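Fold and contact review
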Amino acid sequence: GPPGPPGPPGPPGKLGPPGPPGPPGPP
Amino acid sequence: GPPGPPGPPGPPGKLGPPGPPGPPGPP
Amino acid sequence: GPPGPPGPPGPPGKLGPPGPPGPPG
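Residues numbered from 1 in each chain as written, not as in the entry; some residues may be left out. Chains lettered and ligands numbered in written order. Heavy atoms only, no water.

Regarding how it was determined, this PDB entry cites X-ray crystallography in its header, along with a resolution of 1.50 Å.

Set out below in structure tokens:
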């Protein structure tokens, strides 16, 4: 018979990397 | 014959973006 | 018939953790 339809989309990706380091503190 | 089953689930999506900048440092 | 082909890639991940605190002022 015909091939079946395409499977479901995969799961979402994983969390991204940690963000950039923050600014210097106030004086 | 009938059409075949649905295909397998896709791959996991792409990695998320880097996070927000950190907070200000200590004084 | 044969099973279908693999599905599409999933949706994008969420943003990561906050970065580290900065250095001293």
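**Digging into the relation of the copies chain A and chain B**
Think of it as a corkscrew move, a rotation about one axis and a shift along it, taking one chain copy to the other. Rotating chain A by 106° and translating it 2.8 Å along the rotation axis places it on chain B, where the RMSD comes to 0.5 Å. Comparing interface residues between copies, 100% of those in chain A also sit at the interface in chain B, which points to an isologous, same-surface contact. (Least-squares fit on C-alpha atoms. Contact = heavy atoms within 4.5 Å.)

**Digging into the interface of chain A and chain B**
Reports of interface size often rely on the accessible area that becomes lost once the parts have come together. Tallying the contact residues gives 26 residues for chain A and 27 residues for chain B. Roughly 1,500 Å² is buried in total at the junction of chain A and chain B, and carbon and sulfur atoms are behind 58% of that figure. Run the count over chain A and chain B and you get eight residue pairs in polar contact. Taken together, the residues of the side of chain A that touches chain B break down into 16 nonpolar, nine polar and one charged. (Buried area = accessible area lost by both parts, 1.4 Å probe. Polar contact = N/O pair within 3.5 Å; in protein donor to acceptor, adjacent residues only side chain to side chain. Nonpolar A, V, L, I, M, F, W, Y, C, P; charged D, E, K, R; others polar.)

**Notes on the interface of chain C and chain B**
Facing the 25 residues of chain C at the interface are 26 residues of chain B. Summed over both partners, the interface of chain C with chain B buries about 1,400 Å², with 56% contributed by carbon and sulfur atoms. Applying the counting rule to chain C against chain B returns zero salt bridges. Summed over the shared surface of chain C and chain B, the number is nine residue pairs in polar contact. The class makeup of the residues in the side of chain C that touches chain B is 15 nonpolar, nine polar and one charged. (Salt bridge = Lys/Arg side-chain N within 4 Å of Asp/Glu carboxyl O.)

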